[PDB]
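# sequence? don't have it. structure:
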RNA sequence: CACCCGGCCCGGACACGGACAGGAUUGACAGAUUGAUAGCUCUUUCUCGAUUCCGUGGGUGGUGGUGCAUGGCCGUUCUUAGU
Ligand SMILES: [Zn+2]
Ligand SMILES: [Zn+2]
């Protein structure tokens, strides 16, 4: 795998600053404006949920209402339960989805079948 | 409601000093503008005046978005007894002729 | 002279009432006393638990606080001004404060002239 | 409802709590069993708590290990 | 608690504004700093000074 | 004494014309240099709102006009005389603002 | 913002009874808990001082119902010459 000509192994060690320009204009602006308490609180929960997990079996689910959180190299491999308004949708954060939001991977409405 | 004695006596002594009270009908307003430095939320003023009205010591009127309150003779009596002042002192509404 | 020794208590307490100079109970009295911002303490004999009287007397003796001694609980509470009275003005509902402490006095010559002289 | 019922927290009623603060000997050694809160306003007026593995002040929210 | 009651920001938006008379937040006339509902303005237009000419 | 100007602003025309004319003839009889009424463009405040509260009808509209008529009279006179000539002339339904230099 | 899922708060005046300075009650660090650094709740103690908290009566809120209970505006019959 590679993202914008940068392999994941040096995305991890890469710091908060020079990660900004690699992302698209929207995310770049979001990171420029800086993250609030609940975003950091989620990251802390996710890195802890990963740290306490076994080295073979996948990290235990972390539930959240934060649909508007940007996926970071830190969050790759994590099991996130994203709130859709009604229930929680479980998602394994893959390396390829490092630009988008959580909200995109938990669909709010049921797909329409006509009758 | 549950509010500290300082706020209660501050509202009562203002009411006794002037003889009237005005609130803006908003529970979220940070501090009453007349009671600045004392740190008295508008909520406390409204509910204090409501509590004193319910017994029948103060006459309320409501214009557009503002509460208005007039202290009566029973209120004057109640306040003089509660605040502990000598009968010599009278409100600004009862000073002139 | 003419006035009774215990009569000063009521005058002092009822005159110190307006200034809010009367630390009531023990978990307010002790913490006020521990700053040394208190003058006098009043304790009742009707104290079933032992440790109460020895604690308050020891703490009051510690920083040289003078003591007035009252007989029962309900009377002290009535003198300080806790009790609720009826339309005629008789004590209906009474609550006992076994230990009371004072920080600030009022201005009463008839009260001041005797109460301190009880400690001479 | 799916939940049985959500009950409000009731404060555990303790009798004469300030007697645990002092330990007065017969000849009169008034030793404070709980530690004093070292903050400005609390000083000499507030006796900071002693939990199983930490200290805590209810007024200023000061904590020590 | 204290940090969740009126916690949501209201510097801008339709919820931040309200009528000076009835405290409604729909069909609000905020021109010339009237800051008043359209129904309430029609009631108080005459005694404000606004006149109907043509 | 230098260049006091007097800004008379009102919603009524008749009252504004009357009061300003009185100030002028009051100044003229004292033998004072006066620069006459400078009539600025009339400010018209327009509000156009639906007649109905509900919103079911034939979509009729009210047209609320508010007129503001502004006059400037300029004097080359001393402040003592300007104060008393500005003091005597009061009328409910005109605003007067006096400025020096 | 009425609607759907989930979670704090009383901002339940006033009166009567019980409770009650030998403390009615208030707020909360830490860890667990939670979407949440919400003391919401659990463990553990601290902290405020008759302002409350429990029962009955009685209020106070509502973009809750009824425009076929109503007032006010508003539209239309009806832009014609009608009364
Ligand atoms: Zn402290
Ligand atoms: Zn309105």
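Arrived safely, thanks for sending. Numbers count the residues shown, from 1 in each chain, chains lettered A, B, ... in the order given. Ligands and ions are numbered 1, 2, ... in the order given.
# pretty sure residue B:80 sits in a helix.
Yes: according to DSSP: H, G, I helix; E, B strand; the rest coil, residue B:80 belongs to a helix.
# measure the nearest residue to it once chain neighbours are set aside to residue E:17 for me?
Among residues not flanking residue B:80 along the chain, residue B:87 sits closest, at 6.4 Å (Cβ to Cβ, 6 or more residues apart in numbering or on different chains). Every C-beta, even on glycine, is put in place using the N, C-alpha and C of the backbone. Residue B:87 sits 49 Å away from residue E:17, going by Cβ to Cβ, to the nearest Å.
# now residue A:63
From residue A:63 to residue E:17 the distance is 36 Å (Cβ to Cβ).
# ok, and the closest non-adjacent residue to the closest residue to chain C within chain B?
Nearest residue of chain B to chain C: residue B:84, at 4.4 Å (Cβ to the nearest Cβ). Excluding the flanking residues, the one nearest residue B:84 by Cβ to Cβ, 6+ apart is residue C:18, at 4.4 Å.
# what strand or helix carries the one you found?
When elements are assigned from DSSP states H and E, residue C:18 belongs to no helix and no strand.
# same thing with residue A:49?
Using DSSP H and E, the element containing residue A:49 is helix A:37-51.
# same question, residue E:9
Under the criterion DSSP H and E, no helix or strand holds residue E:9.
# for it, grab the count of nearby residues.
Using other Cβ atoms under 10 Å in any protein chain shown, residue E:9 has 8 other residues around it.
# roughly how far apart are residue A:83 and ligand 1?
For residue A:83, the distance to ligand 1 equals 39 Å [Cβ to the ion, to the nearest Å].
# for that residue, give me phi and psi.
phi -70, psi 130 (degrees, to the nearest 10).
# return the set of buried residues in stretch B:51-68.
B:52, B:57-58, B:67 (16 or more other Cβ atoms under 10 Å in any protein chain shown).
# ok, for the closest residue to chain E within chain B, nearest residue in space, not its chain neighbours?
Proximity of chain B to chain E (Cβ to the nearest Cβ) peaks at residue B:28, 4.4 Å away. Leaving aside its chain neighbours, residue B:28 sits nearest to residue E:6 (4.4 Å; criterion: Cβ to Cβ, 6+ apart).
# can you check residue C:73 too?
Among residues not flanking residue C:73 along the chain, residue C:96 sits closest, at 3.4 Å (Cβ to Cβ, 6+ apart).
# how much space between the residue of chain B closest to chain E and residue A:92?
Distance, residue B:28 to residue A:92, by Cβ to Cβ: 43 Å.
# so those two - more neighbours on which side?
Taking other Cβ under 10 Å, residue B:28 and residue A:92 do not tie; residue A:92 has more neighbours (14 against 10).
# what's across from the more buried one in the sheet?
With DSSP bridges as the criterion, residue A:92 is bridged to residue A:79.
# if I look at it, how far off is residue C:57?
Plainly put, residue A:92 is 71 Å away from residue C:57 if you go by Cβ to Cβ.
# then residue A:54?
In this view, residue A:54 and residue C:57 are 64 Å apart by Cβ to Cβ.
# could you look up the SS state of residue F:16?
What three-state DSSP gives for residue F:16 is helix.
# which residue does chain B have closest to ligand 1?
In chain B, no residue comes nearer to ligand 1 than residue B:4, which is 18.6 Å away by Cβ to the ion.
# cool, chain F as well?
residue F:53 (58.6 Å).
# quick one, phi psi at that residue?
phi -70, psi -40.
# excluding sequence neighbours, find me the nearest residue to residue B:57.
That would be residue B:75: by Cβ to Cβ, 6+ apart, it lies 3.8 Å from residue B:57.
# excluding its backbone neighbours, what's nearest the most centrally placed residue in chain D?
A centroid search over chain D (Cα atoms, centre = their mean) returns residue D:49, at 3.8 Å, as the residue closest to the centre. Setting aside the residues directly before and after it, residue D:49 is nearest to residue D:56 in space (Cβ to Cβ, 6+ apart), at 4.2 Å.
# likewise residue A:39?
Residue nearest to residue A:39 in three dimensions, not counting chain neighbours: residue A:69, with 6.0 Å by Cβ to Cβ, 6+ apart.
# list the contacts for the one you found?
Neighbour list for residue A:69: A:39, A:42, A:101-102 [criterion: Cβ atoms under 8 Å, 6 or more residues apart in numbering or on different chains].
# cool, and residue A:93?
A:71, A:75-80.
# report the entries of the residues you listed that also contact ligand 1.
Among the contacts of residue A:93, no residue sits close to ligand 1 (Cβ under 5 Å from the ion).
# sorry, back to before: wait, is the residue nearest to residue B:57 part of a strand?
No: Residue B:75 is assigned helix when assessed by three-state DSSP, not a strand.
# wait, it touches residue B:53, no?
No: the pair residue B:75 / residue B:53 is not scored as a contact, 9.6 Å apart, by Cβ atoms under 8 Å.
# helices of chain C, start to end?
For chain C, the helices defined by DSSP state H cover C:7-16, C:29-33, C:50-62, C:73-80, C:109-115.
# who touches the third one?
Outside of helix C:50-62, the residues that reach it under the criterion Cβ under 8 Å, 6+ apart are C:26, C:30, C:33-34, C:41, C:43, C:47, C:65, C:67, C:98-99, D:16, D:19, D:22, D:24, D:28, D:30.
# could you rerun that using 6 Å?
Applying Cβ atoms under 6 Å, 6 or more residues apart in numbering or on different chains, the contact partners of helix C:50-62 are C:33, C:41, C:43, C:47, C:67, C:99, D:19, D:22, D:24, D:28, D:30.
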